[PDB]
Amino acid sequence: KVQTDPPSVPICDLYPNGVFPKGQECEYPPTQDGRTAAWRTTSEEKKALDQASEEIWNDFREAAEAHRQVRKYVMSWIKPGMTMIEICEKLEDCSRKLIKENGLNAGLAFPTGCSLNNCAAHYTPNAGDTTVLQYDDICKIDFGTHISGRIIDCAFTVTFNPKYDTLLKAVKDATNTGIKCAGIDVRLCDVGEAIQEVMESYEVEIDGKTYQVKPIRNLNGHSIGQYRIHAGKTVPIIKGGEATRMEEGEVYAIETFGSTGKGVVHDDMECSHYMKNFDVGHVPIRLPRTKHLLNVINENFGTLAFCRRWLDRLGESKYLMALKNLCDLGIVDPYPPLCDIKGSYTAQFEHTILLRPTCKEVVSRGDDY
């Protein structure tokens, strides 16, 4: 009923009734016309629809509470000197325990991102990576949890040198701006316009040089689907366009990335992140090793993202060629680290929000961010 100092009690056991704490509930933003959205707070019609998907909102909540408790724990011990592997393994051990991992019914939604400095995302150490976190590093901790495929995609930035403070505030404010702007019938391009305007209102000084924070233009938020981290819609970060509005019942990951570099990322470094193409159907395979690896992926990850370290812990070895085969066949997709220019600094903040009938819920919101 009470969590232990180092988190070890499953969230499922801290709430016997199976009813988990809601996230931040917000009234939908008014339209340019000035039209309020308070009517949804209690409009029999919407209220009915909302309660209908209560078990689904509840699954997200259990995953969100696990996410909050895991990250609070991480923020207490993450320090320079630790290897990136020690960090991810210490975090994932806790995550698996609080989410009470159970195959595809409960577990880690994707690999623990711990991208450093100019690298903004998709970096998690592979076996043998001797990288050590440094005092001047700016690390993006991006991890996910899920219950029955209801995914919580939430992230924050870690630093130890106060010189990055305004950069972090800039991105945090940008993400919160995106969250505030989001809502039913809201145009995706407007959300991006709003995010950029706030992000660029920040100027920062790091080691004697000044910069106007830039959103990383080729990175963005996205809608979320069951077992599908990227459901199909993208949430800009800058003046964009897309081609659609947000819809009732949808779930979104609102994330922004800020940089002191070019504000554009490119593939770099060894790949660690991989994810089966959601749209690829069953594909017969005779090649022994390739066939086995695909079965391992289908059994343990399904359409969720995974990493090499997660294959290692399952006792798999000498699987690289088989993995490359699956990628070359288009069955699996590689997601290498995305980095801006050398010497640049990037930051990120992310939350998962639920566009419920009666309101907008920043389900992953915590006392930290």
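From 1 onward, residues are counted along the sequence shown.
Quiz item: On average, which has the higher Cα B-factor in the deposited entry, 37 to 45 or 60 to 68?
Solution: Taking the mean B-factor of the alpha carbons in each, 37 to 45 is higher.
Quiz item: Looking only at CA atoms, which has the higher mean B factor in the entry: 21 to 29 or 355 to 363?
Solution: Stretch with the greater average CA B-factor: 21 to 29.
Practice problem: Among 241, 221, 80, 125, single out the one with the highest C-alpha B factor in the record, please. | Solution: Among 241, 221, 80, 125, the PDB entry lists the largest C-alpha B-factor for 241.
Practice problem: Specify which of 184, 155, 293, 170 carries the largest Cα B factor in the deposited PDB entry. | Solution: Answer, based on the entry's C-alpha B-factors: 184.
Exercise. Report the third (lowest, middle or highest) to which the CA temperature factor of residue 137 belongs, ranking only the modelled residues of the same chain.
Key: Ranked within chain, residue 137 CA B lands in the lowest tercile.
Quiz item: By the record's CA B-factor, is residue 328 among the lowest, middle or highest third of residues in the chain?
Solution: It falls in the middle third of the chain.
Practice problem: Classify residue 228 as lowest, middle or highest third according to the C-alpha B-factor given in the PDB entry, relative to its own chain. | Solution: Middle third.
Quiz prompt | Modelled-residue ranking by C-alpha temperature factor, third containing residue 278 | solution = It belongs to the highest third of the chain when residues are ordered by C-alpha B-factor.
Practice problem: For residue 52, return the chain-relative third of its C-alpha B-factor as stated in the PDB record: lowest, middle or highest. | Solution: As the PDB entry reports it, the C-alpha B-factor of residue 52 lands in the highest third of its chain.
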